[PDB]
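[1] Kindly return the folded structure for what I paste below:
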Amino acid sequence: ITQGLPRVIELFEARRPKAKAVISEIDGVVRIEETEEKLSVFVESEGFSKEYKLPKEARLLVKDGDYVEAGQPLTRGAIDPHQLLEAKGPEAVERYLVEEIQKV
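    Residues are numbered from 1 along each chain as shown. I have put the structure below:
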């Protein structure tokens, strides 16, 4: 994560954060799949399937069987503003940038 001026610069430059969070591209229900060595999270829609293979030590913000919005974070960390843009649209990005800059 990042605090202070570097976080501000990272936001104003719209950089992809180093320790970025993972977000859902679509809406759907959470289905966790965890081997003792490997980890993956599945966003299952009524007719679609999404699969996010994340490193095994990543903190989750999603309880199993939850309905997540497109663009909603699954992992902790800073959100990549461009991914948030493609997933959720302009308004969500403006909101995110303003609030995130204001936190500092």
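
[2] Show me what the longest helix seen in the chain is in contact with.
    When the chain is parsed with DSSP state H, its longest helix is helix 90-103. For helix 90-103, the external contacting residues (Cβ atoms under 8 Å, 6 or more residues apart in numbering) are 7, 8, 11, 12, 14, 71, 78, 79, 81, 84, 85. Where you see a C-beta, it was placed from the backbone N, CA and C, and this is true even at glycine.

[3] and which of those is nearest residue 29?
    Of all the contacts of helix 90-103, residue 71 has the smallest distance to residue 29: 15.8 Å, by Cβ to Cβ.

[4] Surely the closest one and residue 23 touch.
    Yes. Using Cβ atoms under 8 Å, residue 71 is in contact with residue 23, at 5.4 Å.

[5] in the host helix or strand of residue 33, what's buried?
    If you go by DSSP states H and E, residue 33 is part of strand 28-34. Residues 28, 30, 31 are the ones in strand 28-34 that count as buried (16 or more other Cβ atoms under 10 Å).

[6] then that strand to CSV, C-alphas only?
    Only the C-alpha atoms of strand 28-34 are listed here, as CSV (Å, rounded to 0.1, in the frame of the first residue of the first chain):
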residue,chain,number,x,y,z
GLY,A,28,-22.1,-12.5,-10.1
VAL,A,29,-21.9,-14.8,-7.1
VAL,A,30,-18.7,-15.7,-5.4
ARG,A,31,-17.4,-19.3,-5.4
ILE,A,32,-14.0,-19.8,-3.7
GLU,A,33,-11.7,-22.6,-4.7
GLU,A,34,-8.7,-23.1,-2.4
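
[7] Residue 56 versus the spatially most distant residue from the centre of the chain, what's the distance?
    The outermost residue of the chain relative to its centre, with distances by Cα atoms, centre = their mean, is residue 36 at 23.2 Å. Remark: distance between residue 36 and residue 56 (Cβ to Cβ, to the nearest Å) = 9 Å.

[8] Sketch out the strands for this protein, chain order is fine.
    For the chain, the strands defined by DSSP state E occupy 28-34, 39-44, 49-53, 67-68.

[9] For residue 2, find the nearest of those.
    So among these, strand 49-53 is nearest, using Cβ to Cβ, at 22.7 Å.
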